[PDB]
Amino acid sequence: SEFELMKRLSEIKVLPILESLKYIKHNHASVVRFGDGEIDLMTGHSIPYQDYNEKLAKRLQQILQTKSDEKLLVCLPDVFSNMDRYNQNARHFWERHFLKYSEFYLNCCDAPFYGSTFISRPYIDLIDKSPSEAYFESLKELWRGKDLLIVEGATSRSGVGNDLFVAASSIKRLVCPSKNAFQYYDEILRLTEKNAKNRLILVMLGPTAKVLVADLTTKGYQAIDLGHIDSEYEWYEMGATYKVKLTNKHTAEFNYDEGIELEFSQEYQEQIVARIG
């Protein structure tokens, strides 16, 4: 029975958002997050913004086997216990997901603990949004007073038009393709390294982000996979109750980057070190 698989899967232990953040800070750890799309890719499917690629799938599988330590926190969706935190559509989505991949989760995810993939998703799927302010405040402490290198796609525009990164000392951006970034992986890694001197690296780049963080970490850098944090922050700032489309940039869960009306932001443009693609 699926019910019995649900119970068995609750053996997986995830540190929820605030606990994950305490871990990252205490340890100055890199962070890689596995979401539903990564599992889809690893098992042979194409996902929003990234076509199936066998080399990518293999790297993702290797990275998932890495133990979490003071250098790197490996994260999973925080859905194996206390699912009642999430709204009905999210609960259904996630249970369907881990039931489909029960064999994957039961067999490949045997570490003593994982961080939360939802460090990038601190608002919209929660029934009780009261803790979200605290979540975002804790997140911001990661980059307060830091020089940042943000590696993201052309539509991501993380922090653009909002105050998410206002307390960062400086921002440089490596702007990559908004879809199929893995095709340019070697160049992305090469230019990230070149520009990372004395910077904290934040990556918003789908499955490619996980490989980048893994490789940067092996080279001794702290790099944090932050995914869709910008969409969540925008929804939080407007007090959104549902996933509303942003007009000026990519929006999480809108899976084709359609209908985007781009603006010219001099400040954003001046932050761009190079474009890849």
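The first residue of the sequence shown is number 1, and the count goes up from there.
The mean Cα B-factor in the deposited entry runs higher for 130 to 138 than for the other of 96 to 104 and 130 to 138. When the C-alpha B-factors of 246 to 254 and 226 to 234 are averaged, 246 to 254 comes out higher.
The entry lists C-alpha B-factors for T192, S156, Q183, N162, and the highest of these is at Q183.
Listed residues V175, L76, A111, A90 were ranked by CA B-factor as deposited; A111 comes out on top. Compared with the other modelled residues of the chain, the Cα B-factor recorded for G44 ranks in the middle third.
Ranked by C-alpha B-factor against the other modelled residues of its chain, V14 falls in the lowest third. Ranked within its chain, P207 lands in the lowest third, by CA B factor from the PDB record. Among all modelled residues in this chain, the alpha-carbon of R33 has a temperature factor (C-alpha) in the lowest third.
Looking at the C-alpha B-factors along this chain, the one for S81 belongs to the middle third.
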